[PDB]
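First up is the structure itself, then whatever we jot down about it.
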Amino acid sequence: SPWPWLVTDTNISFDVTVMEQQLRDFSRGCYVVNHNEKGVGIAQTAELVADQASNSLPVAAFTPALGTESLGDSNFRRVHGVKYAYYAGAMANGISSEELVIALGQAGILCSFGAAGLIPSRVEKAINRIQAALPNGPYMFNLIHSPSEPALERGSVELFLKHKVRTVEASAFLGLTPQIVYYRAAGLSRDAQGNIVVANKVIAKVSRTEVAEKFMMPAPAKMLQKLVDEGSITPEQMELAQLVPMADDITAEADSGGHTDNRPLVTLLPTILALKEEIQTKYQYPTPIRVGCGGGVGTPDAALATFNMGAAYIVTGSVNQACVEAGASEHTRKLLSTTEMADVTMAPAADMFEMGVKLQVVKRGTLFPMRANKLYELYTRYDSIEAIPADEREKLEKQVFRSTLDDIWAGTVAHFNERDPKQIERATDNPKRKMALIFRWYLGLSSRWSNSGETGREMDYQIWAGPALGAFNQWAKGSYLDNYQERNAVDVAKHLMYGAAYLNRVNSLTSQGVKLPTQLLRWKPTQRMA
Amino acid sequence: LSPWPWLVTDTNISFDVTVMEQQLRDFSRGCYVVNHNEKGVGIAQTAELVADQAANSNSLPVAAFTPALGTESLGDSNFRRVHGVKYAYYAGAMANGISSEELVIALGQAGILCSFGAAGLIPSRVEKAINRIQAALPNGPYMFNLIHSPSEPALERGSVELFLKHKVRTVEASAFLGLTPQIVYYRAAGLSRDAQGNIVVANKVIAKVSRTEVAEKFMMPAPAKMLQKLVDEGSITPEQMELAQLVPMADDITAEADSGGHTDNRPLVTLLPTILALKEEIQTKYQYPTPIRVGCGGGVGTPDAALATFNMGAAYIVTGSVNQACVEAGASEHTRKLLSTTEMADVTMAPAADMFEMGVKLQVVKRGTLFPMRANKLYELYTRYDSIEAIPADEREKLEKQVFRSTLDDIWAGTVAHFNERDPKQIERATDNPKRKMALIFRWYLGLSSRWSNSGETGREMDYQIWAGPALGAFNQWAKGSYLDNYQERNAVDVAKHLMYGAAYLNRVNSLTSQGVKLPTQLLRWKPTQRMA
Ligand SMILES: Cc1cc2nc3c(=O)[nH]c(=O)nc-3n(C[C@H](O)[C@H](O)[C@H](O)COP(=O)(O)O)c2cc1C
Ligand SMILES: Cc1cc2nc3c(=O)[nH]c(=O)nc-3n(C[C@H](O)[C@H](O)[C@H](O)COP(=O)(O)O)c2cc1C
Ligand SMILES: [Ca+2]
Ligand SMILES: [Ca+2]
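Those sequence lines, one after another, are chains A and B.
Just so you know, the first sequence maps onto residues 11 to 63, 66 to 542 in PDB author numbering.
Just so we're aligned, residue 10 is where the second sequence starts under PDB author numbering, counting upward by one.
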């Protein structure tokens, strides 16, 4: 035995309730003893075998005082000014709302404002509110890649730069773009001491090794010289942009709610971590690149598994939409509280509909995925809305669109023409495009209906969620978290973090050969954390 | 206050990263970490208590400590004991002998459990496999795959009787949707009492499942009714029937997450806690003297994933994908070379030949073969149209020239001959159903693509159906730039030991990092910088 202590019999508890309370106490170490008869016992005080003296037992196992700060990368917590190696990911169209961002940031927890799909004045509005509530952070804003429209992306970056938004979650990118590189380089300088200052921080969320590679390596000299080209960056921005990675943190996004490649967390995260060590050994950054991970994290066990694999931080998404601070309707959050792991499925995505791309959504309690998948089948099979069989089309019009396809198209032409005339000119004299735009009316609005609580459209709510939500609901069954109105994002974050810490301590004891009562092997939500 | 009551003498500290790596890799000894004000993080393997043997010297206090713990600290020691193996690990079955006799024998010779891939093999071929494996491993360890035959109960029964005749004492039961009389017969026929100690379970069963119901059925004892039926056959005895109700139908349950081959794509991190919670329920109910165990595979291709799986509570880990790429596997040189460069995103889902019409899928390689594209096109056409005659002429002629290399009518004629000889009901059922006819025609391609890849059919390489999941891509990225880049140097025992010793190494490094030590970054992960076997 490596443990040089003895435990007095009066300091041991063989009571499983007392033992759980000792294991839950991260401020003190635990000493485990084996009584041939009363079984496993735990104490919090021990003496050296020579310092104090029979009726003493030798320490069979030990685990020291360690809490949530022992999980993940301390440099993440330092760089982002957060109390936990954790962030709540963006949720589109304000689902990761100002209320959610402010509630989490006030508790010291990073959260990403869901700017995707929101108009610029709405986003500036969120910037002002969040910065007024959190003058020193923490928070970040989602920059979603706009492949069709680089100007929108550039405007979002310029809004962030104007207001000194210092942290961006960059997602849906397939590589670098001038806009994100601009945001990155505009924040680079040096102090009077040679230390280089990275003021604009970037968390790049990726699921593909090549995209991760682009964000782990510095911005390419060519793109930076074309930014020195205009009125965008400085000769102090380029020299330094080539000595720092394009991102401080890489989020490996496994199988998730919403847009996803449905990649296993146990295969995606090791791949990105191996790439991280390759690139970090090559470039020898003074502050190393970090890799965190989300997608499937709904329970303390999944969180601990993610940390144990090497993640610098964990990311949650699906469980946060179910909390009262999220910008989801009352009906939607109620529905989410009973969604099981098999109650999600893949359905066509509005913004990549014609390319066959899908996203993960709730399928129980809503007909959205069935109707959206039917739209994709009709789109691919037929050359035009006029080629759709009459029965199918009148089913569409009366139950899905609640209007004729012609009237949907008329509204689409009016809307686009008076906003983005390129979209309607482009579909002019092309029935495939026309049909795709008509169907995207439904694909686009179903999300909004769920977010706003549009009455009478419940059967059509598009609700992004992955199996992490069902995992959460199963783990929380029989607790106060069964009530959707009792779900708070800060409380959820703390359950995941403190539960992972508890499981980590228990695993250390099990690893040392101790057989704990089954009442100590897991963290049940029998008490509120916040 | 620091919990470590030792100090470390200066001559026992190393700040050399190579030596520190050797120390962390040495699981027979503990590691004491110190912070030297000037030289930084250092490691020693011996420390002394502040009194005992030290005096005021150049000694430093222990900033962190981790004890001597290796691979035996991973998983369930009862798994290792019951199956007679050195590691809580097994290489899962790979159909049509891909998990070959040589693979089983290499792994079992190293003390590692492997499952012979009997699926799709005729009885004389399986008997030849039994002969070889038992000649090389007269006392084990090994097991054989019993795949559920829903269509054919007689074949499952024949495989069970072959296993019983030859005293095959361990079966991996897979693709089951519940109990069958055959698996129950295998389990109960191995039951007795030593009449002086306690009940003896000689025929061991590892049930690989993805659903809770089936898992529950194998965690619970065989149902009395099922045991009572055939008690009239003389297959088992009344003392075997009565003992069968005191033991679970399986000693081990493999929770199969998203995997190569047949899969429903369940996340490991959500499936495994579910099956473990069910296990603890059932074990609290029945209080078996030897507890039921739950292990896990599907996505385990790297040591970090192995460790995470163990730390969620898995009794053992299961690998598949990475084993097909090794030299002992019964895969062709073309396939093993292709697999050594298959990346994480080079796999995809394609229709399964069995339950094709039900939309059921399996995970396959898409780089180096057009099979998944062509098979998914077959499923799309099948679901869209009511008959082969409804397919547009240009699409049908493309199919016939590029996929079947034959008209669909000629495929149908050969199909009629084939099933007349082997299962005529399948043609009879198609008589008044053109949809069924089309499904049978498309299943020609779904079946033969597998046969072509397994046998190495020349000229059909672009149609090879090759089962693999992203665990292979994870392995390949983790092994990039190492000796494992060469497919000719990939050995299954070596892979297993990298997973097991890497998981133990990472567990130790995680403990030290959690305690606040900042180790040199080269030491934070287990990289294949060394051959293990
Ligand atoms: C309803 C919902 C909306 C989301 N919207 C966005 C988004 O707009 N931009 C983005 O980068 N990620 C978005 N995500 C992804 C999350 O930020 C997070 O990465 C992911 O949900 C974590 O996986 P999980 O769902 O299994 O928890 C969204 C997720 C959900 C559930
Ligand atoms: C090519 C291949 C063939 C397989 N054949 C079988 C089989 O015949 N029977 C079975 O039970 N499992 C079979 N499996 C599943 C493996 O035994 C194992 O459960 C699975 O591969 C583990 O998941 P992984 O691929 O992510 O490692 C096969 C897997 C592969 C890759
Ligand atoms: Ca997403
Ligand atoms: Ca399988």
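Even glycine gets a Cβ: it sits at the ideal position worked out from N, Cα and C.
Let me know if residue i comes out buried or exposed under the rule of 16 or more other beta-carbons within 10 Å of its beta-carbon.
| i | result |
| --- | --- |
| residue 38 of chain B | exposed |
| residue 66 of chain B | exposed |
| residue 367 of chain B | exposed |
| residue 142 of chain A | buried |
| residue 375 of chain A | buried |
| residue 33 of chain A | buried |
| residue 364 of chain B | exposed |
| residue 382 of chain A | exposed |
| residue 160 of chain A | exposed |
Would you say residue i faces chain A, with C-beta separation under 8 Å as the test?
| i | result |
| --- | --- |
| residue 32 of chain B | no |
| residue 313 of chain B | yes |
| residue 393 of chain B | yes |
| residue 279 of chain B | yes |
| residue 113 of chain B | no |
| residue 421 of chain B | no |
| residue 486 of chain B | yes |
Taking 8 Å as the CB-CB cut-off, is residue i touching chain B?
| i | result |
| --- | --- |
| residue 64 of chain A | Between 63 and 66, chain A has no modelled residues, which means residue 64 of chain A does not appear in the coordinates. |
| residue 302 of chain A | no |
| residue 523 of chain A | yes |
| residue 65 of chain A | Between 63 and 66, chain A has no modelled residues, which means residue 65 of chain A does not appear in the coordinates. |
| residue 289 of chain A | yes |
| residue 516 of chain A | yes |
| residue 418 of chain A | no |
| residue 483 of chain A | yes |
| residue 90 of chain A | no |
Skipping 5 residues on each side, what residues in its chain have a beta carbon closer than 7 Å to that of residue i?
| i | result |
| --- | --- |
| residue 85 of chain B | 97, 302, 324 and 325 |
| residue 456 of chain A | 362 |
| residue 424 of chain A | 449, 450 and 453 |
| residue 154 of chain A | 102, 124, 125, 126, 127, 128, 181 and 183 |
| residue 6 of chain B | Residue 6 of chain B is absent from the model: chain B starts at 10 and stops at 542. |
Roughly how many angstroms lie between the CA atoms of residue i and residue j, to the nearest whole one?
| i | j | result |
| --- | --- | --- |
| residue 414 of chain B | residue 469 of chain B | 10 Å |
| residue 300 of chain A | residue 313 of chain B | 20 Å |
| residue 54 of chain B | residue 35 of chain B | 10 Å |
| residue 277 of chain A | residue 274 of chain B | 12 Å |
| residue 462 of chain B | residue 450 of chain B | 19 Å |
| residue 377 of chain B | residue 504 of chain A | 45 Å |
| residue 371 of chain A | residue 270 of chain A | 5 Å |
| residue 176 of chain A | residue 156 of chain A | 18 Å |
| residue 92 of chain A | residue 81 of chain A | 14 Å |
| residue 125 of chain A | residue 106 of chain A | 7 Å |
| residue 566 of chain B | residue 60 of chain A | Lying outside 10 to 542, the shown extent of chain B, residue 566 of chain B is not represented and no answer is given. |
| residue 508 of chain A | residue 158 of chain B | 43 Å |
| residue 64 of chain A | residue 70 of chain A | One cannot assign coordinates to residue 64 of chain A, given that chain A in this structure leaps from 63 to 66. |
| residue 120 of chain B | residue 473 of chain B | 33 Å |
| residue 221 of chain A | residue 99 of chain A | 22 Å |
| residue 496 of chain A | residue 321 of chain A | 31 Å |
Whose C-beta lies closer than 6 Å to the C-beta of residue i among residues of the same chain, with five residues either side of it excluded?
| i | result |
| --- | --- |
| residue 216 of chain A | 182, 227, 259 and 262 |
| residue 44 of chain A | 72 |
| residue 307 of chain A | 265, 266, 267, 268 and 277 |
| residue 330 of chain A | 269, 477, 478, 480 and 481 |
Let me check you understand the geometry: is the CB of residue i closer than 7 Å to at least one non-hydrogen atom of ligand 6?
| i | result |
| --- | --- |
| residue 333 of chain B | Ligand 6 is absent from the structure shown, which contains only ligand 1, ligand 2, ligand 3 and ligand 4. |
Output needed for residue i: all residues of its chain with C-beta closer than 8 Å, excluding positions within five of it in sequence on either side, in chain order.
| i | result |
| --- | --- |
| residue 78 of chain B | 36, 513, 516 and 517 |
Worksheet item: Between the stretch 479 to 489 of chain B and the stretch 338 to 345 of chain B, do at least 3 Cβ pairs fall closer than 8 Å?
Response: Result no; under three Cβ-Cβ pairs closer than 8 Å.
Discussion item. Pairs of beta-carbons, one from the stretch 137 to 154 of chain B and one from the stretch 109 to 118 of chain B, closer than 8 Å: are there three or more?
Written reply: Yes, the stretch 137 to 154 of chain B is in contact with the stretch 109 to 118 of chain B.
Worksheet item: Are the stretch 284 to 293 of chain A and the stretch 528 to 540 of chain B touching, with three or more C-beta to C-beta distances below 8 Å?
Response: yes
Worksheet item: Any contact of the stretch 506 to 522 of chain A with the stretch 17 to 28 of chain B, i.e. 3+ C-beta pairs under 8 Å?
Response: With a cut-off of 8 Å, the stretch 17 to 28 of chain B and the stretch 506 to 522 of chain A do not count as touching, because too few Cβ pairs lie within range.
Worksheet item: Would you call the stretch 244 to 257 of chain A and the stretch 329 to 337 of chain A in contact, with 3 or more CB pairs under 8 Å?
Response: no
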